[PDB]
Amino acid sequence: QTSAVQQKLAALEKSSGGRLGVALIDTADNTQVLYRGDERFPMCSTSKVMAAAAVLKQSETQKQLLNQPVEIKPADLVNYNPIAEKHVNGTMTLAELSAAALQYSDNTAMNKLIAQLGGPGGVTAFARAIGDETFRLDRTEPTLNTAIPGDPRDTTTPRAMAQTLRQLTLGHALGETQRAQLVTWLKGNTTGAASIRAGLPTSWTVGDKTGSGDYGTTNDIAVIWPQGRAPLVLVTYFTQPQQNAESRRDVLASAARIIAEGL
């Protein structure tokens, strides 16, 4: 079937000229709303959640892991490093790298998380360990954001990412203190106010991770605590036909507004 919400998302997509993917889980009843929910999209910086979570999982058996210093060298800087560049020729702890990757979208920080996990495949292995058979990370920063149409590298589906984000933040994929740390980090994101957040009532609380890539790829994955009801998990992925397309965070806000109006 096609619901009223799905028809509105299709109209938004048609007007946008791009390709939109949405997955909602409403934990009030465990129901789902999907739009292109099983199509693949390039994750771009939303992949930073999986990398940080994989390090949190490692930290469950190493009380000092998050305090471990990691050297930052001039050669480690890439294309977007606002936190890591302040620590060149110094160090950042794994907690600092996680916070920088999640809350500031720092790409050097992400590369250090990936390296701590043994490369992109270590992030994929963690996804598999927590029940996600869809996610794949294949490259480091910055090339994981090329977002080429039809390329399977560094992709997932909306359905898979919503399920995984639920298990990480509201379920038991992580230990209790690690889940709480991930939620704290997401709630302190600096980059999200134009994306899913912008389509929701102002009284609701959001923790999210955005991403930007080539092909105008504009993404957001969020946990949402609405006023008066159980939490939601919402993924909104958007990608466009031209490599140089502009970001369209407003489309994500519009998708979130349609979802919220359908509850």
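Just count from 1 along the sequence shown to find any residue number.
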Between the two ranges 52 to 60 and 224 to 232, the one averaging a larger CA B factor in the entry: 224 to 232
Between 196 to 204 and 233 to 241 (mean CA B-factor, as deposited), the higher: 196 to 204
Out of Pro82, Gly188, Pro120, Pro158, highest CA B-factor residue: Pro82
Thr146, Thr124, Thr108, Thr177, ranked by C-alpha B-factor: the highest one: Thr177
Among modelled residues of the same chain, the CA temperature factor third for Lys14: highest
For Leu102, the third of its chain into which the C-alpha B factor falls: lowest
Chain-relative CA temperature factor third for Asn30: highest
Ranked against its chain, the third holding the CA B-factor of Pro69: highest
Third of the chain, ranked by Cα B-factor, where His172 sits: highest
